[PDB]
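These are the residues of each chain, in order.
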Number of protein chains: 2
Amino acid sequence: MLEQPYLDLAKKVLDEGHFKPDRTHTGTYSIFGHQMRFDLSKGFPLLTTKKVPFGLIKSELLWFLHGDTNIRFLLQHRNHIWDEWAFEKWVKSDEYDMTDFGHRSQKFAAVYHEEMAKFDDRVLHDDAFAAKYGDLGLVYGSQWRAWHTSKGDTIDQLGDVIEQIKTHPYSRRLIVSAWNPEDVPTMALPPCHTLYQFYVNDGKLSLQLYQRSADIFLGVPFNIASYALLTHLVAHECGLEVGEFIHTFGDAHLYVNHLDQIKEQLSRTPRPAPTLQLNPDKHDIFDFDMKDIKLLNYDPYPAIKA
Amino acid sequence: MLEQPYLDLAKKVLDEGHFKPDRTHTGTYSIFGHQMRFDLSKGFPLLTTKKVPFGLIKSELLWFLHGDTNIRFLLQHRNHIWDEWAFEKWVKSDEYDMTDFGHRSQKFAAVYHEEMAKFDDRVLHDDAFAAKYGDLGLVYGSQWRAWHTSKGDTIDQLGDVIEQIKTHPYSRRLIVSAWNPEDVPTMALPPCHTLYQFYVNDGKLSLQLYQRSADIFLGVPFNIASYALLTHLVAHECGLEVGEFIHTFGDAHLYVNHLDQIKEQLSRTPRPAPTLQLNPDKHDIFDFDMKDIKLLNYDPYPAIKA
Ligand SMILES: Cc1cccc2c1C(=O)N(c1cc(-c3ccccc3)ccc1O)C2=O
Ligand SMILES: Cc1cccc2c1C(=O)N(c1cc(-c3ccccc3)ccc1O)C2=O
Ligand SMILES: O=c1ccn([C@H]2C[C@H](O)[C@@H](COP(=O)(O)O)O2)c(=O)[nH]1
Ligand SMILES: O=c1ccn([C@H]2C[C@H](O)[C@@H](COP(=O)(O)O)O2)c(=O)[nH]1
């Protein structure tokens, strides 16, 4: 079934993955350079063995697709998935006792979840507060649609690439990179989703993602879904049908905390996977909003608390 | 045997690869996103089913490793493997009838192979002629060891990464990129070897290359060898033993010209693969020269004329 690759990567890690610690003291289990292939023509890669929230993944994807780096858009869609790093960089600004809320968010959750709601609402209406503290700066929206140059101009990689899909479907140069050597040695997040590339194959748009790093429990199921949604939107924009999504990792990992959770999931059997309908009268994935994107027949197993 | 992956990728392309034309009218056969794994501990990945010239591949590798982009070093080692693009950009300089020597190099080979030897020798001793025409500019040596920044400074990615292998073997951030979005829309060669990454696994240095594009006959056997040599040198520099080399492609292709050649090769059986000895008293891969690098037991089948 379409989502087996995800389940096989989960099992290959517990069984034969290697142990090492991390930047907090919790431990991982990992493997270098494992692929996953998902034929998009046989459905859509959202895990039925764990409810994944598609609502968020679209909001967050269209964000990137606007080239915005500002947590607001995310809030006005009820998506607090990037709150944290923004919040982070508001406690240590000269203007703010939530220092290291991370290492002890789980032992006080009545103050944080409230001082995070203060931040959230001031960002939600205060322009001058958003513009300073809502803006993540260097994140998928910039690298994808406004890569900062040398002679201080800006580049829309994804834009150019898309025209280039129209122009020369058969180019081997259809690449988008989130890896800026100049930004990564001092940076919030060195882009986990490193690099992707399109490829066009008698009618079908394919795409392959190079992902330097992956939390197989929390992160990968999401990633799989953005990047297929990404592959659908673009094929749609270019009049192409949908090929394969090909997911390649350097380091794919499980933290020792998630060992039991994933095991349970491993006991679940996949279900017929769903379908994407897209608004067949827009073909400008940049001015897409939520109702242009429809998931049909999503029948997951219960979410797994984590 | 160690080199089977190469033979399987060769067969998977003829059998089930898809047809398309290219930027000259000759045709390809290709497949998106195929991996290759080579355990370096069981030998060294130089094709026994076709003699590959290791002499060149080292010279060309140490070049990159010096961060030079100037064809001279290559010439004083008797390696004309990057001559062509330099020569190219000397015929159309304001100062030079060899215009489009490419599309008809094979129908006059007594004039070219001589006007290419003129270029070659003037570059070999004339400083002011080399500095203008010997310099490729934007190529593996710059991106790897001197990436041009925004505030006009320079970055040695590979350097920093190497210290970082020593420092934090277990980082998931051990990446080197040859893909500069600012340089690729107007450029000689948008780096075919896009991106690579290290990874450290109870003692063993691994490395995985993302290669956007590949001529499976002419290019890949070379590539495989540089990138294992690359993996050996660094492990050696960090006191690590040698893990896996993991070779990932976007578009891997065969041009229709090479269909018979490769078929013949496909009839050959691999042989015990060779061994690398390295000078066990240097550990500074940047000041390596040729005699510090030894291939033991290379027993290839004959080269294949192409
Ligand atoms: C605090 C901390 C520490 C290590 C590693 C990450 C973070 C973190 O906040 N993120 C992150 C996750 C997602 C994300 C989005 C959907 C699903 C799962 C994760 C999106 C943006 C992010 O910056 C990390 O990867
Ligand atoms: C002219 C032209 C046209 C298309 C594509 C390439 C070239 C070309 O000159 N090169 C190239 C090849 C190698 C190389 C090195 C060892 C083995 C095989 C190839 C090294 C540097 C290069 O720029 C192309 O990839
Ligand atoms: O979409 C995402 C985003 C982040 N991560 C996580 C996994 C890693 O723990 C971390 C990568 O950054 P480093 O740990 O390598 O610094 O991000 C994912 O798995 N998927
Ligand atoms: O080490 C190398 C260097 C170059 N190529 C070739 C194959 C492709 O024909 C070309 C890639 O550039 P584009 O054709 O995609 O423009 O370079 C290789 O296979 N291996």
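Figured I'd write up the structure that's included with this text. (Residues numbered from 1 in each chain as written, not as in the entry; some residues may be left out. Chains lettered and ligands numbered in written order. Heavy atoms only, no water.)

Each partner contributes to the interface: chain A provides 51 residues, whereas chain B provides 51 residues. Here chain A packs against chain B, burying approximately 4,500 Å² in sum over the two surfaces, 54% of which is carbon and sulfur. On the chain A side of the contact with chain B, A:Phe32, A:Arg172 and A:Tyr199 bury the most area, a combined 20% of that side's loss. In this structure, the connection of chain A to chain B is made through 0 salt bridges. One can count 26 residue pairs in polar contact joining chain A with chain B. Broken down by secondary-structure element, the contributors of at least two residues to the side of chain A that touches chain B are β1 (18-20), β2 (28-32), β3 (35-39), β4 (147-148), β6 (175-177), β7 (195-201), β8 (204-215) and β9 (241-255) of chain A. (Contact = heavy atoms within 4.5 Å. Buried area = accessible area lost by both parts, 1.4 Å probe. Salt bridge = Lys/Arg side-chain N within 4 Å of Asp/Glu carboxyl O. Polar contact = N/O pair within 3.5 Å; in protein donor to acceptor, adjacent residues only side chain to side chain. Helix = DSSP H or I, 4+ residues; strand = E, 2+ residues; numbered from the N terminus.)

The operation relating the two chain copies consists of a rotation about an axis and a shift along that axis. Expressed as a screw transformation, the operator carrying chain A onto chain B has a rotation angle of 180° and an axial translation of 0.0 Å, and the superposed copies differ by an RMSD of 0.0 Å. Taken together, the rotation and translation relating the two chain copies correspond to the operation of a two-fold axis. Closest to the rotation axis within chain A is the C-alpha of A:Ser150, separated from it by 2.1 Å. Looking at the interface residues of chain A, 100% of them are also at the interface in chain B, so both copies use one shared face. (Least-squares fit on C-alpha atoms.)

So, about the site of ligand 3. Surveying the vicinity of ligand 3 reveals 14 residues, the closest of which are A:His193, A:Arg212, A:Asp215, A:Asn223 and B:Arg172. With respect to ligand 3, the chains having nearby residues are chains A and B. In the model, an oxygen atom of ligand 3 is placed 2.6 Å from a nitrogen or oxygen of the A:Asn223 side chain. Take A:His253: an N or O atom from its side chain is 3.0 Å from an oxygen atom of ligand 3. Coverage of ligand 3 by the protein amounts to 82% of the 460 Å² it exposes when considered alone. Residue assignment for the shell around ligand 3 shows that the elements contributing at least two residues are β8 and β9 of chain A. (Near = heavy atom within 4 Å. Areas by Shrake-Rupley, 256 points an atom, 1.4 Å probe, with all protein chains shown as cover.)

Moving on to the packing of helix α1 (residues 4-16) of chain B against helix α10 (residues 259-266) of chain B. Residues and elements named next belong to chain B. For the pair α1 and α10, the least separation of the axes is 11 Å and the interaxial angle reads 135°. For the element pair α1 / α10, the angle class is oblique. Like other packed secondary-structure pairs, α1 and α10 cross with a definite hand, here left-handed. Touching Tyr6, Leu7, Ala10, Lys11 and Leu14 of α1 are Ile262, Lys263, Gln265 and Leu266, all from α10. Residues belonging to the contact of α1 with α10 are distributed by class as follows: 6 nonpolar, 1 polar and 2 charged. (Axes fitted to C-alpha atoms, helices over the stretch in contact; angles between N-to-C directions. Parallel < 35°, antiparallel > 145°, perpendicular 65-115°, else oblique. Left-handed = near helix turned anticlockwise from the far one by under 90°. Nonpolar A, V, L, I, M, F, W, Y, C, P; charged D, E, K, R; others polar.)

As a further point, take helix α9 (residues 220-238) of chain A. Residues and elements named next belong to chain A. For α9, with 19 residues, the first-to-last C-alpha span of 27 Å sits near the 27 Å given by 1.5 Å per residue. Burial analysis of α9 places 18 of its 19 residues in the buried class, which makes it a mostly covered element. Backbone geometry just downstream of α9 places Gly239 in the positive-phi region, at approximately 85°. (Expected span 1.5 Å × (residues − 1). Buried < 20%, exposed > 50% of the residue type's maximum accessible area, 1.4 Å probe, protein only.)

The next thing to look at is unusual backbone geometry. Unlike most non-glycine residues, A:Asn297 shows phi in positive territory, near 75°. Mapping A:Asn297 onto the fold places it in the segment after β11 (293-296). On the accessibility criterion, A:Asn297 (63% relative accessible area) is exposed. Residue B:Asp100 is not a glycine yet carries a positive backbone phi of 40°. Examined against the element boundaries, B:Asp100 turns out to sit in the loop between α4 (83-91) and α5 (109-125).

Residues and elements named next belong to chain B. Of the two faces of strand β10 (residues 275-278), the one holding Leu276 and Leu278 is buried and the one holding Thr275 and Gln277 is not buried anywhere. Pairing between β10 and strand β11 (residues 293-296): 4 bridges, direction antiparallel. The partner of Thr275 across the bridge, within β11, is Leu296. (Pairing = 2+ DSSP bridges.)

In the structure shown here, the tally under the stated rule is 51 aromatic pairs over all chains. The interplanar angle of 10° and the centroid separation of 6.0 Å between the aromatic rings of B:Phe38 and B:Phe245 together place this pair among those described as stacked. For B:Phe38, a relative accessible area of 2% translates into the label buried. In this structure an aromatic cluster arises from ring pairing among A:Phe38, A:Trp63, A:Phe64, A:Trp82, A:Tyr140, A:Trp144, A:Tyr196, A:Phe198, A:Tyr227 and A:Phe245. It is B:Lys282 that lies over the ring of B:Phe288; its NZ or CZ is 5.9 Å from the centre. (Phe/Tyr/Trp six-rings, centres within 6.5 Å; stacked < 30°, edge-to-face > 60°. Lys NZ or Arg CZ within 6 Å of the ring centre and 35° of its normal.)

Residues and elements named next belong to chain A. Near ligand 1 you find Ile81, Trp82, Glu84, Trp85, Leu189, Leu218 and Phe222, and these make up its full shell. Within the side chain of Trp85, an N or O atom sits 2.8 Å from an oxygen atom of ligand 1. The class makeup of the residues in the shell around ligand 1 is 6 nonpolar, no polar and 1 charged.

To continue, consider the pattern of salt bridges. For side chains of opposite charge, pairing can occur when their charged atoms come near one another. One pass over the full model with this rule turns up 22 salt bridges over all chains. We note a salt bridge from B:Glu244 to B:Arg37, for which the minimum N-O separation is 2.8 Å. B:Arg37 sits in the partly exposed class, given a relative accessible area of 38%. Salt-bridge contacts for B:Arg268 lead to B:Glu264; the nearest nitrogen and oxygen are separated by 2.8 Å. Look at B:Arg268 and you get buried, because its relative accessible area is 11%. One connected set of salt bridges, linked through shared partners, spans A:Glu264, A:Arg268 and A:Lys305.

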